[PDB]
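Raw contents of model.txt, compact mmCIF, N, CA and C atoms:
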```txt
# COMPACT_ATOMS: atom_id res chain seq x y z
N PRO B 396 -4.09 36.31 -42.73
CA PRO B 396 -3.97 34.85 -42.82
C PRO B 396 -2.86 34.26 -41.96
N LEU B 397 -2.05 35.09 -41.30
CA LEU B 397 -1.03 34.64 -40.37
C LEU B 397 -1.56 34.48 -38.96
N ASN B 398 -2.87 34.45 -38.80
CA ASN B 398 -3.43 34.30 -37.47
C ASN B 398 -4.06 32.93 -37.44
N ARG B 399 -3.30 31.94 -37.89
CA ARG B 399 -3.78 30.59 -38.06
C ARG B 399 -4.11 29.95 -36.72
N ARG B 400 -4.95 28.93 -36.76
CA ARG B 400 -5.45 28.28 -35.56
C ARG B 400 -4.94 26.85 -35.52
N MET B 401 -3.94 26.59 -34.70
CA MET B 401 -3.46 25.23 -34.52
C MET B 401 -4.51 24.40 -33.80
N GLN B 402 -4.45 23.09 -34.00
CA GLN B 402 -5.34 22.16 -33.32
C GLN B 402 -4.47 21.10 -32.68
N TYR B 403 -4.47 21.03 -31.36
CA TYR B 403 -3.73 20.00 -30.67
C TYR B 403 -4.71 19.07 -29.97
N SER B 404 -4.55 17.78 -30.20
CA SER B 404 -5.41 16.80 -29.58
C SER B 404 -4.89 16.51 -28.18
N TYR B 405 -5.80 16.52 -27.21
CA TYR B 405 -5.46 16.29 -25.81
C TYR B 405 -6.20 15.04 -25.38
N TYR B 406 -5.58 14.24 -24.54
CA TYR B 406 -6.22 13.04 -24.04
C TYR B 406 -5.86 12.81 -22.58
N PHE B 407 -6.67 12.00 -21.90
CA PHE B 407 -6.43 11.63 -20.53
C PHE B 407 -7.32 10.43 -20.24
N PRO B 408 -6.88 9.49 -19.42
CA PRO B 408 -7.74 8.36 -19.07
C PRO B 408 -8.70 8.74 -17.95
N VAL B 409 -9.65 7.84 -17.70
CA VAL B 409 -10.67 8.02 -16.68
C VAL B 409 -10.87 6.67 -16.00
N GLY B 410 -10.63 6.62 -14.70
CA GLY B 410 -11.05 5.48 -13.92
C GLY B 410 -10.27 4.20 -14.14
N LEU B 411 -8.95 4.29 -14.26
CA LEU B 411 -8.12 3.10 -14.39
C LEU B 411 -8.06 2.34 -13.07
N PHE B 412 -7.47 1.16 -13.11
CA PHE B 412 -7.22 0.40 -11.90
C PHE B 412 -5.72 0.26 -11.74
N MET B 413 -5.23 0.61 -10.58
CA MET B 413 -3.80 0.57 -10.33
C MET B 413 -3.33 -0.87 -10.16
N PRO B 414 -2.04 -1.13 -10.34
CA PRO B 414 -1.50 -2.45 -10.00
C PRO B 414 -1.66 -2.77 -8.52
N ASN B 415 -1.70 -4.06 -8.22
CA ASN B 415 -2.02 -4.53 -6.88
C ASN B 415 -0.96 -4.25 -5.81
N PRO B 416 0.38 -4.24 -6.10
CA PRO B 416 1.29 -3.64 -5.12
C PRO B 416 1.19 -2.12 -5.11
N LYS B 417 0.19 -1.60 -4.41
CA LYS B 417 -0.03 -0.16 -4.37
C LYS B 417 1.01 0.52 -3.49
N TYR B 418 1.20 1.81 -3.75
CA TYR B 418 2.26 2.57 -3.10
C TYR B 418 1.91 4.05 -3.12
N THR B 419 2.75 4.83 -2.45
CA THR B 419 2.72 6.28 -2.55
C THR B 419 4.13 6.78 -2.77
N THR B 420 4.24 7.95 -3.38
CA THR B 420 5.55 8.55 -3.60
C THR B 420 5.68 9.89 -2.91
N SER B 421 4.66 10.29 -2.15
CA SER B 421 4.77 11.44 -1.26
C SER B 421 3.83 11.23 -0.09
N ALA B 422 4.19 11.79 1.05
CA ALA B 422 3.35 11.72 2.23
C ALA B 422 2.39 12.90 2.26
N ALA B 423 1.77 13.09 3.43
CA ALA B 423 0.86 14.20 3.74
C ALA B 423 -0.38 14.21 2.85
N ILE B 424 -0.83 13.03 2.43
CA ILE B 424 -2.14 12.85 1.81
C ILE B 424 -2.77 11.68 2.52
N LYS B 425 -3.68 11.96 3.45
CA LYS B 425 -4.32 10.90 4.22
C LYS B 425 -5.80 10.88 3.89
N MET B 426 -6.20 9.98 3.00
CA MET B 426 -7.59 9.77 2.68
C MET B 426 -8.19 8.76 3.64
N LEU B 427 -9.22 9.19 4.35
CA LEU B 427 -9.79 8.40 5.45
C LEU B 427 -10.66 7.26 4.92
N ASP B 428 -10.00 6.27 4.33
CA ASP B 428 -10.67 5.06 3.86
C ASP B 428 -9.63 3.97 3.69
N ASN B 429 -10.08 2.83 3.19
CA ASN B 429 -9.19 1.71 2.95
C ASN B 429 -8.36 1.99 1.71
N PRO B 430 -7.03 2.01 1.80
CA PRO B 430 -6.21 2.33 0.62
C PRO B 430 -5.98 1.15 -0.30
N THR B 431 -6.24 -0.07 0.15
CA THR B 431 -6.11 -1.21 -0.75
C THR B 431 -7.33 -1.36 -1.65
N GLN B 432 -8.54 -1.22 -1.10
CA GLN B 432 -9.76 -1.29 -1.90
C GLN B 432 -10.18 0.10 -2.37
N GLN B 433 -9.25 0.82 -2.97
CA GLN B 433 -9.52 2.16 -3.43
C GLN B 433 -9.61 2.17 -4.94
N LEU B 434 -10.52 2.98 -5.47
CA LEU B 434 -10.85 2.90 -6.88
C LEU B 434 -11.12 4.28 -7.46
N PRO B 435 -10.50 4.62 -8.58
CA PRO B 435 -10.84 5.87 -9.27
C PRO B 435 -12.26 5.83 -9.82
N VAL B 436 -12.90 7.00 -9.88
CA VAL B 436 -14.22 7.14 -10.49
C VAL B 436 -14.32 8.36 -11.39
N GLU B 437 -13.40 9.31 -11.30
CA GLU B 437 -13.61 10.62 -11.88
C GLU B 437 -12.37 11.02 -12.67
N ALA B 438 -12.41 12.24 -13.20
CA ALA B 438 -11.22 12.84 -13.81
C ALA B 438 -11.34 14.35 -13.64
N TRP B 439 -10.73 14.87 -12.58
CA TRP B 439 -10.83 16.29 -12.29
C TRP B 439 -9.83 17.03 -13.16
N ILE B 440 -10.29 17.52 -14.30
CA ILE B 440 -9.43 18.19 -15.25
C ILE B 440 -9.57 19.69 -15.05
N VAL B 441 -8.71 20.45 -15.70
CA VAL B 441 -8.68 21.89 -15.56
C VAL B 441 -9.20 22.52 -16.85
N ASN B 442 -9.97 23.59 -16.71
CA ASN B 442 -10.56 24.30 -17.83
C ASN B 442 -9.58 25.32 -18.39
N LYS B 443 -10.03 26.09 -19.37
CA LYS B 443 -9.23 27.21 -19.87
C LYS B 443 -9.16 28.34 -18.86
N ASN B 444 -10.24 28.60 -18.14
CA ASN B 444 -10.28 29.62 -17.10
C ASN B 444 -9.85 29.08 -15.75
N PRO S 396 -11.51 64.75 -9.29
CA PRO S 396 -12.29 63.67 -9.91
C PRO S 396 -11.45 62.48 -10.34
N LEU S 397 -10.12 62.58 -10.28
CA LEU S 397 -9.24 61.45 -10.56
C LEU S 397 -8.89 60.67 -9.31
N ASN S 398 -9.76 60.72 -8.30
CA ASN S 398 -9.54 59.93 -7.10
C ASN S 398 -10.77 59.07 -6.89
N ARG S 399 -11.20 58.40 -7.95
CA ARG S 399 -12.43 57.64 -7.93
C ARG S 399 -12.29 56.40 -7.06
N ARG S 400 -13.42 55.77 -6.80
CA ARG S 400 -13.48 54.57 -5.99
C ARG S 400 -13.94 53.40 -6.85
N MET S 401 -13.74 52.20 -6.32
CA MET S 401 -14.21 50.98 -6.96
C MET S 401 -15.11 50.24 -5.99
N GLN S 402 -15.94 49.37 -6.54
CA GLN S 402 -16.79 48.49 -5.74
C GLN S 402 -16.40 47.07 -6.10
N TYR S 403 -15.42 46.52 -5.41
CA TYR S 403 -15.08 45.12 -5.58
C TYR S 403 -15.91 44.33 -4.60
N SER S 404 -16.96 43.68 -5.09
CA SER S 404 -17.79 42.86 -4.24
C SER S 404 -17.05 41.56 -3.97
N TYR S 405 -17.05 41.13 -2.72
CA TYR S 405 -16.36 39.92 -2.31
C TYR S 405 -17.40 38.92 -1.88
N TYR S 406 -16.99 37.67 -1.70
CA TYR S 406 -17.87 36.68 -1.10
C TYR S 406 -17.03 35.59 -0.46
N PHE S 407 -17.66 34.82 0.42
CA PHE S 407 -17.02 33.69 1.05
C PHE S 407 -18.12 32.81 1.61
N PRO S 408 -18.00 31.50 1.51
CA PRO S 408 -19.00 30.61 2.09
C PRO S 408 -18.85 30.49 3.59
N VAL S 409 -19.88 29.91 4.21
CA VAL S 409 -19.95 29.69 5.65
C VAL S 409 -20.57 28.33 5.86
N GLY S 410 -19.85 27.44 6.53
CA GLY S 410 -20.46 26.21 7.00
C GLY S 410 -20.76 25.16 5.96
N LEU S 411 -19.94 25.03 4.92
CA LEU S 411 -20.09 23.95 3.97
C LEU S 411 -19.74 22.62 4.61
N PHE S 412 -20.16 21.53 3.97
CA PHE S 412 -19.87 20.20 4.47
C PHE S 412 -19.00 19.48 3.45
N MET S 413 -17.90 18.95 3.91
CA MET S 413 -16.98 18.29 3.00
C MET S 413 -17.50 16.90 2.63
N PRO S 414 -17.14 16.38 1.46
CA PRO S 414 -17.53 15.01 1.10
C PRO S 414 -16.85 13.99 2.00
N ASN S 415 -17.45 12.81 2.04
CA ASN S 415 -17.01 11.72 2.92
C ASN S 415 -15.64 11.14 2.59
N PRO S 416 -15.13 11.17 1.33
CA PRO S 416 -13.68 10.98 1.16
C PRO S 416 -12.89 12.18 1.64
N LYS S 417 -12.71 12.29 2.95
CA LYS S 417 -11.97 13.39 3.53
C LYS S 417 -10.48 13.14 3.38
N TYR S 418 -9.71 14.21 3.42
CA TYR S 418 -8.29 14.14 3.11
C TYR S 418 -7.58 15.35 3.69
N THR S 419 -6.26 15.36 3.53
CA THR S 419 -5.45 16.50 3.91
C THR S 419 -4.36 16.71 2.88
N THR S 420 -3.93 17.95 2.74
CA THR S 420 -2.87 18.30 1.81
C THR S 420 -1.60 18.64 2.57
N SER S 421 -1.72 18.86 3.88
CA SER S 421 -0.54 19.08 4.70
C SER S 421 -0.73 18.37 6.02
N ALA S 422 0.37 17.84 6.54
CA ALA S 422 0.40 17.32 7.89
C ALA S 422 0.82 18.43 8.84
N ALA S 423 1.16 18.03 10.07
CA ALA S 423 1.61 18.90 11.16
C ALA S 423 0.55 19.92 11.57
N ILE S 424 -0.72 19.61 11.31
CA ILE S 424 -1.83 20.31 11.95
C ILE S 424 -2.72 19.23 12.53
N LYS S 425 -2.47 18.86 13.78
CA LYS S 425 -3.20 17.78 14.41
C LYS S 425 -4.22 18.38 15.36
N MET S 426 -5.49 18.07 15.13
CA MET S 426 -6.57 18.46 16.02
C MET S 426 -6.99 17.25 16.84
N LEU S 427 -7.41 17.50 18.08
CA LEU S 427 -7.87 16.43 18.96
C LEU S 427 -9.38 16.25 18.84
N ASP S 428 -9.83 16.10 17.60
CA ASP S 428 -11.24 15.92 17.30
C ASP S 428 -11.40 14.64 16.50
N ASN S 429 -12.64 14.20 16.38
CA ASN S 429 -12.95 13.09 15.50
C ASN S 429 -12.88 13.60 14.06
N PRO S 430 -11.91 13.16 13.26
CA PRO S 430 -11.70 13.80 11.95
C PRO S 430 -12.74 13.44 10.92
N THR S 431 -13.40 12.30 11.05
CA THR S 431 -14.44 11.96 10.09
C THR S 431 -15.75 12.69 10.40
N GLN S 432 -16.05 12.92 11.67
CA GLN S 432 -17.23 13.69 12.06
C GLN S 432 -16.88 15.15 12.29
N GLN S 433 -16.21 15.79 11.34
CA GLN S 433 -15.83 17.19 11.48
C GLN S 433 -16.79 18.06 10.69
N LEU S 434 -17.03 19.26 11.19
CA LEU S 434 -18.08 20.10 10.65
C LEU S 434 -17.80 21.56 10.93
N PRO S 435 -17.61 22.39 9.91
CA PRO S 435 -17.40 23.82 10.15
C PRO S 435 -18.70 24.47 10.60
N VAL S 436 -18.61 25.35 11.59
CA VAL S 436 -19.76 26.10 12.03
C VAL S 436 -19.48 27.60 12.07
N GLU S 437 -18.23 28.02 11.91
CA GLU S 437 -17.89 29.43 11.82
C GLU S 437 -17.10 29.68 10.54
N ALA S 438 -16.70 30.93 10.33
CA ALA S 438 -15.88 31.28 9.18
C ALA S 438 -15.01 32.48 9.54
N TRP S 439 -13.78 32.22 9.96
CA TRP S 439 -12.85 33.28 10.31
C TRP S 439 -12.38 33.99 9.05
N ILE S 440 -12.56 35.30 8.99
CA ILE S 440 -12.03 36.09 7.89
C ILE S 440 -10.97 37.03 8.43
N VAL S 441 -10.34 37.77 7.53
CA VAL S 441 -9.38 38.80 7.90
C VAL S 441 -10.07 40.15 7.70
N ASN S 442 -9.63 41.15 8.46
CA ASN S 442 -10.09 42.51 8.25
C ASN S 442 -9.09 43.27 7.39
N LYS S 443 -9.28 44.58 7.29
CA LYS S 443 -8.22 45.41 6.75
C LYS S 443 -7.37 46.01 7.85
N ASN S 444 -7.80 45.89 9.10
CA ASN S 444 -6.93 46.09 10.25
C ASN S 444 -6.31 44.80 10.72
N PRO J 1333 -0.91 14.26 -23.43
CA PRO J 1333 -1.71 14.12 -22.22
C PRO J 1333 -1.88 15.45 -21.52
N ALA J 1334 -3.09 15.70 -21.05
CA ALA J 1334 -3.43 16.94 -20.38
C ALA J 1334 -3.38 16.76 -18.88
N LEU J 1335 -3.72 17.83 -18.16
CA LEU J 1335 -3.79 17.76 -16.71
C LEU J 1335 -5.04 16.99 -16.32
N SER J 1336 -4.85 15.86 -15.65
CA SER J 1336 -5.94 15.11 -15.07
C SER J 1336 -5.66 14.91 -13.59
N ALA J 1337 -6.61 14.31 -12.89
CA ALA J 1337 -6.50 13.94 -11.49
C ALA J 1337 -7.68 13.05 -11.16
N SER J 1338 -7.43 11.96 -10.45
CA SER J 1338 -8.57 11.15 -10.02
C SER J 1338 -9.08 11.56 -8.65
N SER J 1339 -8.51 12.60 -8.06
CA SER J 1339 -9.04 13.22 -6.86
C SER J 1339 -8.53 14.65 -6.77
N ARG J 1340 -9.21 15.45 -5.97
CA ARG J 1340 -8.75 16.81 -5.77
C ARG J 1340 -7.54 16.90 -4.86
N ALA J 1341 -7.29 15.88 -4.04
CA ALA J 1341 -6.12 15.87 -3.16
C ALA J 1341 -4.83 15.90 -3.96
N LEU J 1342 -4.78 15.14 -5.05
CA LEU J 1342 -3.57 15.09 -5.85
C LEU J 1342 -3.39 16.37 -6.65
N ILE J 1343 -4.48 17.03 -7.03
CA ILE J 1343 -4.31 18.28 -7.75
C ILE J 1343 -3.96 19.41 -6.79
N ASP J 1344 -4.35 19.32 -5.51
CA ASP J 1344 -3.86 20.29 -4.53
C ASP J 1344 -2.39 20.07 -4.23
N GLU J 1345 -1.97 18.81 -4.14
CA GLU J 1345 -0.56 18.53 -3.93
C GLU J 1345 0.28 18.93 -5.13
N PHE J 1346 -0.29 18.87 -6.33
CA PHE J 1346 0.43 19.34 -7.50
C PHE J 1346 0.48 20.86 -7.55
N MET J 1347 -0.60 21.53 -7.12
CA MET J 1347 -0.59 22.98 -7.12
C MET J 1347 0.36 23.53 -6.07
N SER J 1348 0.51 22.83 -4.95
CA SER J 1348 1.37 23.33 -3.89
C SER J 1348 2.84 23.19 -4.26
N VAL J 1349 3.31 21.96 -4.38
CA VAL J 1349 4.72 21.68 -4.64
C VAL J 1349 4.86 21.10 -6.04
N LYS J 1350 5.35 21.92 -6.96
CA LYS J 1350 5.41 21.55 -8.37
C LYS J 1350 6.44 20.49 -8.66
N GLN J 1351 7.64 20.62 -8.12
CA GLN J 1351 8.73 19.72 -8.45
C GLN J 1351 8.61 18.37 -7.76
N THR J 1352 8.25 18.35 -6.48
CA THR J 1352 8.30 17.13 -5.69
C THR J 1352 6.92 16.56 -5.40
N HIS J 1353 5.97 16.71 -6.31
CA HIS J 1353 4.64 16.19 -6.07
C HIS J 1353 4.59 14.68 -6.27
N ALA J 1354 3.42 14.12 -6.03
CA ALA J 1354 3.21 12.69 -6.18
C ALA J 1354 2.44 12.42 -7.46
N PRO J 1355 3.07 11.87 -8.50
CA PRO J 1355 2.30 11.59 -9.72
C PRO J 1355 1.45 10.34 -9.62
N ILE J 1356 1.70 9.46 -8.66
CA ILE J 1356 0.91 8.24 -8.50
C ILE J 1356 0.66 8.04 -7.02
N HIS J 1357 -0.61 7.93 -6.64
CA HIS J 1357 -0.94 7.62 -5.26
C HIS J 1357 -1.39 6.17 -5.13
N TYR J 1358 -1.95 5.82 -3.97
CA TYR J 1358 -2.46 4.48 -3.70
C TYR J 1358 -3.53 4.08 -4.71
N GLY J 1359 -4.64 4.80 -4.72
CA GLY J 1359 -5.74 4.47 -5.59
C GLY J 1359 -6.12 5.63 -6.48
N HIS J 1360 -5.21 6.57 -6.67
CA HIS J 1360 -5.42 7.69 -7.57
C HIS J 1360 -4.14 7.98 -8.33
N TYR J 1361 -4.21 8.95 -9.23
CA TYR J 1361 -3.07 9.34 -10.04
C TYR J 1361 -3.27 10.77 -10.51
N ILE J 1362 -2.25 11.30 -11.17
CA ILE J 1362 -2.31 12.62 -11.79
C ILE J 1362 -1.29 12.67 -12.92
N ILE J 1363 -1.73 13.14 -14.07
CA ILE J 1363 -0.89 13.24 -15.25
C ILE J 1363 -0.63 14.72 -15.48
N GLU J 1364 0.64 15.10 -15.45
CA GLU J 1364 0.99 16.48 -15.72
C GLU J 1364 0.78 16.80 -17.19
N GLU J 1365 0.83 18.08 -17.50
CA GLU J 1365 0.59 18.55 -18.86
C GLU J 1365 1.92 18.77 -19.56
N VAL J 1366 2.11 18.09 -20.69
CA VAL J 1366 3.33 18.22 -21.46
C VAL J 1366 3.01 18.83 -22.81
N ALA J 1367 1.98 19.67 -22.83
CA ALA J 1367 1.49 20.25 -24.07
C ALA J 1367 2.52 21.21 -24.66
N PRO J 1368 2.48 21.42 -25.97
CA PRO J 1368 3.38 22.42 -26.58
C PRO J 1368 3.05 23.86 -26.21
N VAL J 1369 1.87 24.12 -25.65
CA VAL J 1369 1.56 25.44 -25.11
C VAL J 1369 1.60 25.37 -23.59
N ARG J 1370 2.40 26.24 -22.98
CA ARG J 1370 2.56 26.24 -21.53
C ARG J 1370 1.37 26.96 -20.92
N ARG J 1371 0.34 26.20 -20.55
CA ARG J 1371 -0.81 26.80 -19.92
C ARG J 1371 -0.54 27.03 -18.44
N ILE J 1372 -0.48 28.28 -18.05
CA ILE J 1372 -0.21 28.67 -16.67
C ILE J 1372 -1.44 28.36 -15.82
N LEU J 1373 -1.21 27.75 -14.67
CA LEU J 1373 -2.28 27.34 -13.78
C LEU J 1373 -2.36 28.27 -12.59
N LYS J 1374 -3.54 28.34 -11.99
CA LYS J 1374 -3.76 29.22 -10.85
C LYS J 1374 -4.97 28.71 -10.09
N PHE J 1375 -4.78 28.34 -8.83
CA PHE J 1375 -5.86 27.99 -7.92
C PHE J 1375 -5.74 28.92 -6.71
N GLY J 1376 -6.34 30.10 -6.82
CA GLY J 1376 -6.08 31.14 -5.85
C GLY J 1376 -4.84 31.91 -6.23
N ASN J 1377 -3.74 31.69 -5.52
CA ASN J 1377 -2.48 32.36 -5.83
C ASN J 1377 -1.34 31.38 -6.04
N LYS J 1378 -1.58 30.09 -5.86
CA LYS J 1378 -0.54 29.08 -6.00
C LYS J 1378 -0.24 28.89 -7.48
N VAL J 1379 0.60 29.76 -8.04
CA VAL J 1379 0.88 29.81 -9.47
C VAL J 1379 1.80 28.66 -9.85
N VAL J 1380 1.36 27.84 -10.80
CA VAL J 1380 2.14 26.73 -11.32
C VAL J 1380 2.21 26.88 -12.83
N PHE J 1381 3.42 26.84 -13.38
CA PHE J 1381 3.57 26.85 -14.82
C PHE J 1381 3.32 25.46 -15.39
```

Rewrite the structure of this file - the entire thing - as structure tokens.
Amino acid sequence: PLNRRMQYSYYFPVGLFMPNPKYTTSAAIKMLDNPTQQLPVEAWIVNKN
Amino acid sequence: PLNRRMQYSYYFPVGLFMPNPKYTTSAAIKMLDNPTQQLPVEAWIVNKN
Amino acid sequence: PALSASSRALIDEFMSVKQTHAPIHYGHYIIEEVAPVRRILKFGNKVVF
């Protein structure tokens, strides 16, 4: 009975909209499109494996 | 008989096409090509030599 | 909050440089994992705790 199973709730948003003064905090990421009219669509999460 | 062998099967793709939101994770590799119309046609691997 | 990413570029930048990554981009974001269990990450060999 000491092999109990904890349950932790995990959450993450999907597809938010950033504030209009957009910015970056690191370089060397150049996405070949318009960075002002850019929009999230996905949520690339990581599995257990 | 304690000098057995293994069969580690390997794989690698050849000539995939990247999605149209193209990007980079590092700078300082500048090619003199059209970066949006880029297309792999070979696949350089390493040998054991 | 778990590990998310609104693009694969930000999760590659997080896998490469753990300390100095970009948590917020122009039109994307990434939320690091602050879970009570330290799930070790691995994308190839770029080991991130």

Residue contacts of range 431-438 of chain S (7 Å, only N, CA and C atoms) excluding same-chain residues fewer than 5 positions away, as an MDAnalysis selection string: chainID S and resid 408:413

Contact residues around residue 420 in chain B with all atoms listed in the file at 8 Å, ignoring same-chain residues under 6 positions, as a ChimeraX atom specification: /J:1352-1358

Got time to write the residues from that selection, N, CA and C atoms, as a tab-separated table (two decimals), in the frame of the given file?
```tsv
chain	number	residue	atom	x	y	z
J	1352	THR	N	8.25	18.35	-6.48
J	1352	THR	CA	8.30	17.13	-5.69
J	1352	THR	C	6.92	16.56	-5.40
J	1353	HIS	N	5.97	16.71	-6.31
J	1353	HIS	CA	4.64	16.19	-6.07
J	1353	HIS	C	4.59	14.68	-6.27
J	1354	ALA	N	3.42	14.12	-6.03
J	1354	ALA	CA	3.21	12.69	-6.18
J	1354	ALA	C	2.44	12.42	-7.46
J	1355	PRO	N	3.07	11.87	-8.50
J	1355	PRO	CA	2.30	11.59	-9.72
J	1355	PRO	C	1.45	10.34	-9.62
J	1356	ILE	N	1.70	9.46	-8.66
J	1356	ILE	CA	0.91	8.24	-8.50
J	1356	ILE	C	0.66	8.04	-7.02
J	1357	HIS	N	-0.61	7.93	-6.64
J	1357	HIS	CA	-0.94	7.62	-5.26
J	1357	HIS	C	-1.39	6.17	-5.13
J	1358	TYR	N	-1.95	5.82	-3.97
J	1358	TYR	CA	-2.46	4.48	-3.70
J	1358	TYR	C	-3.53	4.08	-4.71
```

Would you mind listing, as a PDB file with N, CA and C atoms, in the frame of the given file, all residues of chain S that have at least one atom within 9 Å of chain J, where only C-alpha atoms are what counts?
```pdb
ATOM      1  N   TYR S 418      -9.710  14.210   3.420  1.00  0.00           N
ATOM      2  CA  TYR S 418      -8.290  14.140   3.110  1.00  0.00           C
ATOM      3  C   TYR S 418      -7.580  15.350   3.690  1.00  0.00           C
ATOM      4  N   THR S 419      -6.260  15.360   3.530  1.00  0.00           N
ATOM      5  CA  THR S 419      -5.450  16.500   3.910  1.00  0.00           C
ATOM      6  C   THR S 419      -4.360  16.710   2.880  1.00  0.00           C
ATOM      7  N   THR S 420      -3.930  17.950   2.740  1.00  0.00           N
ATOM      8  CA  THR S 420      -2.870  18.300   1.810  1.00  0.00           C
ATOM      9  C   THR S 420      -1.600  18.640   2.570  1.00  0.00           C
ATOM     10  N   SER S 421      -1.720  18.860   3.880  1.00  0.00           N
ATOM     11  CA  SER S 421      -0.540  19.080   4.700  1.00  0.00           C
ATOM     12  C   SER S 421      -0.730  18.370   6.020  1.00  0.00           C
TER      13      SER S 421
END
```

Selection near range 1364-1378 of chain J, 8 Å with all atoms listed in the file, sequence-local residues under 3 positions removed, as a PyMOL selection string: (chain B and resi 403+444) or (chain J and resi 1333-1337+1347-1348+1355+1361+1381)

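If you look at atom N of residue 399 in chain S and atom N of residue 440 in chain S, they are 28.7 Å away from each other.
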
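Using all atoms listed in the file, the shortest contact distance between chain B and any of S:406, S:430, S:417, S:424 is found at S:417.
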
Counting only N, CA and C atoms, which residues of chain B sit at most 6.5 Å from some atom of chain S, and what is each one's closest atom pair with its distance in Å to one decimal, listed by chain and rising residue number, as a tab-separated table?
```
residue	atom	partner	partner_atom	distance
B:423	C	S:420	C	4.6
B:424	CA	S:419	C	4.6
B:425	C	S:418	CA	4.2
B:426	CA	S:418	CA	4.4
B:427	N	S:417	C	4.3
```

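Secondary structure by DSSP on the backbone puts the following residues of chain J in strand (DSSP E): residues 1373, 1374, 1375, 1378, 1379 and 1380 of chain J.
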
Separation of CA of residue 442 in chain B from CA of residue 397 in chain B in Å: 26.6 Å

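We find CA of residue 396 in chain B and atom C of residue 443 in chain B to be spaced 25.4 Å apart.
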
Filtered DSSP result for chain J, state alpha helix (DSSP H), as a ChimeraX atom specification: /J:1340-1348

Where atoms are missing, can you supply N, CA, C and O atoms for range 398-409 of chain B and output the lot as a short mmCIF file (atom, residue, chain, number, x, y, z; two decimals), in the frame of the given file?
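Dumped everything to selection-v6.cif:
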```cif
data_model
loop_
_atom_site.label_atom_id
_atom_site.label_comp_id
_atom_site.auth_asym_id
_atom_site.auth_seq_id
_atom_site.Cartn_x
_atom_site.Cartn_y
_atom_site.Cartn_z
N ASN B 398 -2.87 34.45 -38.80
CA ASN B 398 -3.43 34.30 -37.47
C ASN B 398 -4.06 32.93 -37.44
O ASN B 398 -5.23 32.77 -37.08
N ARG B 399 -3.30 31.94 -37.89
CA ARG B 399 -3.78 30.59 -38.06
C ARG B 399 -4.11 29.95 -36.72
O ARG B 399 -3.64 30.38 -35.66
N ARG B 400 -4.95 28.93 -36.76
CA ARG B 400 -5.45 28.28 -35.56
C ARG B 400 -4.94 26.85 -35.52
O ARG B 400 -5.48 25.99 -36.21
N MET B 401 -3.94 26.59 -34.70
CA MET B 401 -3.46 25.23 -34.52
C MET B 401 -4.51 24.40 -33.80
O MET B 401 -5.37 24.92 -33.10
N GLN B 402 -4.45 23.09 -34.00
CA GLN B 402 -5.34 22.16 -33.32
C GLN B 402 -4.47 21.10 -32.68
O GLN B 402 -3.79 20.35 -33.38
N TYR B 403 -4.47 21.03 -31.36
CA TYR B 403 -3.73 20.00 -30.67
C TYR B 403 -4.71 19.07 -29.97
O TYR B 403 -5.59 19.52 -29.24
N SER B 404 -4.55 17.78 -30.20
CA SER B 404 -5.41 16.80 -29.58
C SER B 404 -4.89 16.51 -28.18
O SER B 404 -3.69 16.31 -27.99
N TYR B 405 -5.80 16.52 -27.21
CA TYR B 405 -5.46 16.29 -25.81
C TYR B 405 -6.20 15.04 -25.38
O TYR B 405 -7.32 14.79 -25.84
N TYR B 406 -5.58 14.24 -24.54
CA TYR B 406 -6.22 13.04 -24.04
C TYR B 406 -5.86 12.81 -22.58
O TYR B 406 -4.88 13.37 -22.09
N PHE B 407 -6.67 12.00 -21.90
CA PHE B 407 -6.43 11.63 -20.53
C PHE B 407 -7.32 10.43 -20.24
O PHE B 407 -8.43 10.37 -20.78
N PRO B 408 -6.88 9.49 -19.42
CA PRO B 408 -7.74 8.36 -19.07
C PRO B 408 -8.70 8.74 -17.95
O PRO B 408 -8.60 9.80 -17.33
N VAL B 409 -9.65 7.84 -17.70
CA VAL B 409 -10.67 8.02 -16.68
C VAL B 409 -10.87 6.67 -16.00
O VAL B 409 -11.23 5.69 -16.65
#
```
